[PDB]
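Residue numbers (the deposited numbering), protein chains in the order written: chain F, 9 to 85; chain I, 1 to 198; chain E, 20 to 224; chain G, 135 to 200; chain A, 128 to 187; chain J, 5 to 202; chain B, 1 to 199; chain H, 5 to 183; chain N, 269 to 306.
This is the structure:
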């Protein structure tokens, strides 16, 4: 059980959802869009975790742009 | 439970009931390794074969384990040294048998003990993978060496609960830290060599 | 004009049982007494009791009271040593009123039988509050060099300890602290010997 | 970030009266995120020598490009 | 850009490292690290592109 | 390879800055450090103390902090090698240090040098240490399942300092006469082990 | 049993005999202060400033006197034994009387201070009980299941710990019956003999 | 290597519906088919693979709501009989798969509520007073967080219960119109 | 401190493995130092 390819983590699946918050106890017209993500990741033990977090539209587009730049840079060399 | 008393030795006047020495050697090699998992097999073997209760097995295990531990602790490599530990009236036809059994297999116990010494978690395996940092978010490009040392650790099951608790770690180094590491380790190696040659 | 070992005022459990066991035969009572004894060593014997109740057509409300009475009576009886409870006083307190004559023999046999050593041995094991030491292993080192010192040359001791609770502890122990621990242990041994001596001299007057 | 070591010799144990087993202890101050963690390890003589040789190899390979 | 390892003597395949700053309001932040190669990065880019398309088509 | 001093531009800047300050402010802090060089959580200089020292020097905290770090490193090297004061007097002056600094260094090194090495000699690296010992003696006379007892009993408390967590735990143990005698015999054996190093 | 003093500790008591009782009383007051309000070596600086007296030997003397007081109150030895013990120090009879009186007047407070050094064990603090009967659930609507709620408070090394429990009338009766037996042994011949012959 | 269902050919036409429908039942929340029923036809280490392949294929097909032909064409190279079994299985219990998928969407969060139970009681007397007569509602919750089920308990009186019901009804006035 | 005899006395134990390990490490130079530029 020793492999260089896996050092820290490697996500095995990627799921997401799109929804918007309509109302809240402190505000009846909250009404803002949001986007969530669920990551299940595997460590050296061979197990599978589950990490989920929520984002906004500007944060999501920043995420997408950064991954695009990463793809370009990795492709070039 | 007791010390090296007549209780143990007189209780040891029951070991001739076996016909084959293989059972004797199995008992010898499982009593020296006293533990909850390793004791239960002795309990089952004795109760099933010798048709005795639990006390006759437990006290006999106590005696045999204590004898093995004592001889390993003292490193009694001469048969006459073991002869000093017995009374005259205790069975000599069994005393000589025990002496020969102990003498034949001493090195196994002497060596296997050193692998069970208490200690901090011990390395068992490592791997490394040099990497180059071509680009990052805060800088478009570079070419910088980097190291990724990965290691394996085995901790005693007792100190963590019921788990084996074997963990893996990864540390990302740079040039200066590696240089300091190597200088210190080379200094230690030079000290060891000087001691050897002195 | 004596005080029974069962307390100044008889508990309701045993008092009620006195009327209940006046019609049961000897064999069923003996089986129940055997089951109660087997319970005192910590074994689970519920199913056999249920089978006995089913066989003998006994309401649970009466079987439970009978079992409680016997268990409490025997527990209070076994607290004292045989030196503090003679058979004479025993059956005299057991005085026939609401009592069979043929069961006290079984009571004496169970109390004064070959099972009494086992009951005392397990009973002795009930007097414990805090964990006991299960094992003790050590390792003495001799530090030759260190990062902060070219040559240390400081003896040290590594200690590991396990307890019946399942706790495992490992720690270092320098020499001075070890000497303190050894002196404390010796002092405790000496004071324990002093108490052992005083117990005989200060209570046999 | 930081490292420490201790090199010493064993002179006995619970089950062996006399033994001269050498050992080495390490402490690694690794920056586990915003917090800090310490990793304590023990090595034997051959393992320490192999570790030193592997670090020498890594130093050789880490200065190839520049 | 990977170079080599303990046993392997020559490697060129690149990787990407991303660390995520996650934390619920009023609590200490956690960090998550991940590894990637070309194929997985392409798959993640495709999934994010589908997310964007779904965002676009639901306005009308 | 063969250099007790790692001369570098940082040290050149350090000697350039240090050589200017007069002898009237050097010895106090330098002696204040030797008693606390065995700690790395912080120096002997609190926020207000370093503030007033900064006001006296009237430079940025960076400069005085770097100078203090360099002095601490020099002292750490000296205690690492256990050098005689003559070695200091000879070598520090070689790197363009004015004589007042050298005398302040050498006098302080002569003052409390062996105390520092003795302090380091008792340093420990493992994350757990035994710090305090306490015990209580009781006589048990009766309990639920028995009565008319005259049995002594003992309790020991062990102060284990969890230096990893900067916290202290306590272990509660209980003994009888036989168990305590066995423990005492084990400790005596350990003592006999420690007596081979005379 | 008797304070047969150690030679090295005695050497630290040489400062007081060369000092008048007027400052020995102040040193005893300082020992009481060190026990109660804590120790501050800055008081050595104050003493040097106000008396031009070396701090090291003053610290030695105060610590030695405090140690004597602590190990004298730690045993509750009678006054005659204390007088016999200090007869070897070559001290003035007035100073001996002052020491004996100072020790005498501050024994109970010291023993109150020392009792916090023993091993800390869980200890009872308070108990609260509530009675309730279950009437309905999500599966049964008409029920009668009486139970007794208990909140037990325990103190461990200076903290407050709470436990939430439950019990039934028969078990509560058994608990009371057993605990009544628990505090009935101390009125018996064995316990009386043990507690009387010892003191 | 073609559609993930390629590993299903080894199983004859007769034992298809049982495996498929029991797998769908396992997806919905019931038990999954056991090894000792079809062990002769597959190996465990690959039985797990085929199980996962079938489950994920069904989930994707139901979620994306493909038309008849595209589902039909993907199964062209299967057994002459398995194709109709698969299509009929999709046609029969598509709604259960959709319900399970919608439930799993709520799994995208820190914690989820699994189930609960409430008990009502009448407090009669306490150490403070012996005329209490306080009705108390006990609410038990089993909420799954991370990867474990954490139980919780809440004790409420009439006022707290009324306020909670009021807030939940305020939320329900939005939930009902959002549909 | 550990007296100079103890410094000498420590030799009586560790020489069992130091003698072999240092010699082998010098022999390990065949793969470490003797030939690394083939």
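Beta carbons are placed, not taken as given, at the ideal position from N, Cα and C, and that holds for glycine.
Nearest residue (CA-CA) to residue i, options the options
i                      : options                    : result
residue 119 of chain B : J:200, J:163, J:118, J:85  : J:163
residue 140 of chain J : B:135, B:146, B:116        : B:116
residue 118 of chain H : H:33, H:78, H:23           : H:33
residue 67 of chain H  : H:8, H:106, H:51, H:30     : H:106
residue 91 of chain J  : J:183, J:77, J:110, J:127  : J:110
residue 175 of chain A : F:38, F:60, F:73, F:19     : F:73
residue 44 of chain B  : B:54, B:70, B:36, B:37     : B:54
residue 138 of chain B : H:123, H:16, H:113, H:62   : H:123
residue 27 of chain E  : B:192, B:189, B:184, B:194 : B:184
residue 159 of chain G : G:148, G:200, G:140        : G:140
residue 159 of chain B : B:188, B:32, B:123         : B:123
residue 7 of chain B   : B:191, B:86, B:169, B:145  : B:86
residue 60 of chain H  : H:50, H:145, H:110, H:31   : H:31
Environment of residue i [buried if 16+ CB atoms lie within 10 Å]
i                      : result
residue 131 of chain I : buried
residue 35 of chain F  : exposed
residue 175 of chain G : buried
residue 103 of chain B : buried
residue 132 of chain E : exposed
residue 198 of chain B : exposed
residue 183 of chain G : buried
residue 153 of chain H : exposed
residue 136 of chain I : exposed
residue 124 of chain I : exposed
Contact belief for residue i with residue j at Cβ below 8 Å, rounded distance in angstroms
i                      : j                      : result
residue 154 of chain E : residue 196 of chain E : That pair is no contact at about 21 Å.
residue 39 of chain E  : residue 81 of chain E  : 6 Å
residue 126 of chain I : residue 150 of chain I : 6 Å
residue 143 of chain H : residue 136 of chain H : Contact doesn't hold; Cβ gap of about 20 Å is too wide.
residue 152 of chain B : residue 172 of chain B : Not a contact, Cβ separation roughly 14 Å.
residue 24 of chain E  : residue 99 of chain E  : 6 Å
Same chain, Cβ closer than 8 Å to residue i, neighbours up to 5 away in sequence not counted
i                      : result
residue 95 of chain B  : 16, 17, 21, 24
residue 103 of chain J : 97
residue 122 of chain I : 153, 154
residue 53 of chain I  : 47
residue 79 of chain H  : 7, 9, 86, 87, 90, 91
6 Å CB neighbourhood of residue i in its chain, flanking five on each side removed
i                      : result
residue 125 of chain H : 140
residue 61 of chain J  : 68
residue 74 of chain J  : 18
residue 179 of chain G : 156
residue 26 of chain H  : 37
residue 83 of chain J  : 120, 121
Cutoff 7 Å; reference residue i; Cβ partners in own chain excluding five residues on either side
i                      : result
residue 173 of chain J : 164, 166
residue 79 of chain I  : 99, 103
residue 46 of chain J  : none
Exercise for the section: Anything in the region 110-138 of chain I with a Cβ closer than 8 Å to a Cβ of chain E? List those residues in chain order, please. Expected result: Result list: 117, 118, 119.
Handout entry: Proximal residues, the region 118-131 of chain H versus chain B, C-beta separation under 7 Å
Key = 121, 122, 123, 124, 125, 126, 127, 128, 129, 130, 131
Handout entry: Against chain A: residues of the region 149-178 of chain G by CB proximity under 7 Å
Key = 167
Practice task
Anything in the region 148-162 of chain E with a Cβ closer than 8 Å to a Cβ of chain G? List those residues in chain order, please.
Solution key: 155, 156, 157, 158, 159, 160, 161, 162
Handout entry: Residues within the region 177-193 of chain I neighbouring chain G, beta-carbon criterion of under 9 Å
Key = 177, 178, 179, 180, 181, 182, 184, 185, 186, 188, 189, 191, 192
Problem - Residues of the region 149-169 of chain I with Cβ closer than 8 Å to any Cβ of chain F, in chain order - result: 150, 152, 168
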